[PDB]
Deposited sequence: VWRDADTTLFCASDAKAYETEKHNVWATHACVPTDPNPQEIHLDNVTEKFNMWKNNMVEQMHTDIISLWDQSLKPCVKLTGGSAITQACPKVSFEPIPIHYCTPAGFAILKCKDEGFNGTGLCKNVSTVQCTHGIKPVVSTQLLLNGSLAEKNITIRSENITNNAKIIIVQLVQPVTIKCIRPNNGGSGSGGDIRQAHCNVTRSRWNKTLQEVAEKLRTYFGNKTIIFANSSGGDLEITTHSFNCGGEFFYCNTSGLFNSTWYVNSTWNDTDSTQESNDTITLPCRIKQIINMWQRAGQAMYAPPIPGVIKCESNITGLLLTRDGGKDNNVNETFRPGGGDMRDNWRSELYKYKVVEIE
C-alpha cells in the first residue's frame, strides 16, 4: 500500500514573475505555480503515526530558505570561518510569501486533521493531499509571526515537555498584533497589554495541564547570542532586535487573572548591521538603514519557549522565550504532514 519515506519535494507558489521582492524572485525559478483546485481526499478508516520532530520535510524547507536568504540578502562583508569576504550589498524588498511543499509522482503527503494534534502519535482523521498549505518562511526567534493559529484551544507541542533541553512550541488561538517602527538604529515595537496578558493567562492554564496545579512564571532569556535573547526578525530588509523583558516578566498563581493589580507594552528595539547568521556559523555585516520611517505590523501566532529544570522544585515552573533553530519555525507549520511512498 504505502509507507513512510523521504524523497525530494518541489515547491509551489503564487509568486509574481514581475515582482522585485526577493521571495517572489526566488520562487519564480525555484517553484511551480499553485494548483487552482487542489484535491484533498479523506482516507476512510485510516490511522497513521506522525512525528513532527523527525520529519524530513522540515529539512528540505530549511535548505530552501537558506538558499533564498543567501541569494537575496547579500552582506557587505561575510566572516564565514576565518576568511573575510567583501561584496556588493544593496537594499532590497524582502517580505515573505506563502510557499507550498508537494510530493512528486509515486509519493504522497498524509495530513493529520485531528483537532489540536500535538504532532507526535496516532492520528485518527487522516487525509491525503498533493501539497501542504501555503507557509510563509518567516525567520524569527521567541515569537512566531504570521503563522497558523489553533482552531479552538491554545496548543503545546514538545518532543518531551518534561525534558528541559527540549523546545516548547506554543500555538495561539487569537493573534496578538505587534506594531514596530524606526541614532537611526533606535526603534520600538508595541503590543496591546491587556491582550498580551490574557494570552499569558491562557498559556499558563494550558501548561498546568502538563505540569499540574502549579504557579507558572514567565521570565526572560537566561543567555546566548543576541539573536535568541531578543525577539529578532526582519522588517523592510532590516534586522530588528527587540527586548522582550516587558513581555516575559509575570507570575501566574492558580487563581491569577489578567485583571489582577495606554494599555500598551513598548518593547525597545535596535536595527543591527552586524549579525550572526542563522543559516550558518559566521558573522555578516550589512549597510546602515535608509533614511525615513520603517514600519511593519505582524500577528504573533505562537511562541518558542523553554522551561527551567531542577531536581527539587514543587510550587512553580518557569518558562523563558527561546528559539534560534529555524527548523522549529518550519515544524510549527509542518507538524501535521508526512511523506509516504506508494507500492
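- Comparing the deposited sequence with the modelled residues, the stretches lacking C-alpha coordinates are 183 to 192, 272 to 277.
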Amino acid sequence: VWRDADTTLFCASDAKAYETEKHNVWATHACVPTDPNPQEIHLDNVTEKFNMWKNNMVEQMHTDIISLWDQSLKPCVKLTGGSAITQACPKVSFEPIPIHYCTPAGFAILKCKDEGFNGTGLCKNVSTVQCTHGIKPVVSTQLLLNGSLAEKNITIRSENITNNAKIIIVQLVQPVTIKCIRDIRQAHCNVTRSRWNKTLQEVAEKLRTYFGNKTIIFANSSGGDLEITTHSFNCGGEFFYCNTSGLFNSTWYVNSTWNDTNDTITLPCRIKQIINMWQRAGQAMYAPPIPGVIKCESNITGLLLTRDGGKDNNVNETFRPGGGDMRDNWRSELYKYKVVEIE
From here on, numbers count along this sequence of modelled residues.
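- Per-stretch averaging of Cα B factors for 285 to 293 and 313 to 321 places 285 to 293 on top.
- 75 to 83 and 183 to 191 differ in mean CA B-factor, and the higher of the two is recorded for 75 to 83.
- Residue-level inspection of the entry shows that, of 223, 119, 134, 237, 237 has the top Cα B-factor.
- If you compare the C-alpha temperature factors of 326, 17, 12, 334 in the entry, 17 comes out highest.
- Among the modelled residues of its chain, residue 202 has a C-alpha B-factor that falls in the middle third, as given in the PDB entry.
- In this PDB entry, the Cα temperature factor of residue 254 sits in the top third of its chain's modelled residues, the highest group.
- When all modelled residues of the chain are sorted by CA temperature factor, residue 175 is found within the middle third.
- Per-chain ranking of the deposited C-alpha B factor places residue 95 in the middle third.
- Ranked against the other modelled residues of its chain, the C-alpha B-factor of residue 158 as given in the entry falls in the lowest third.
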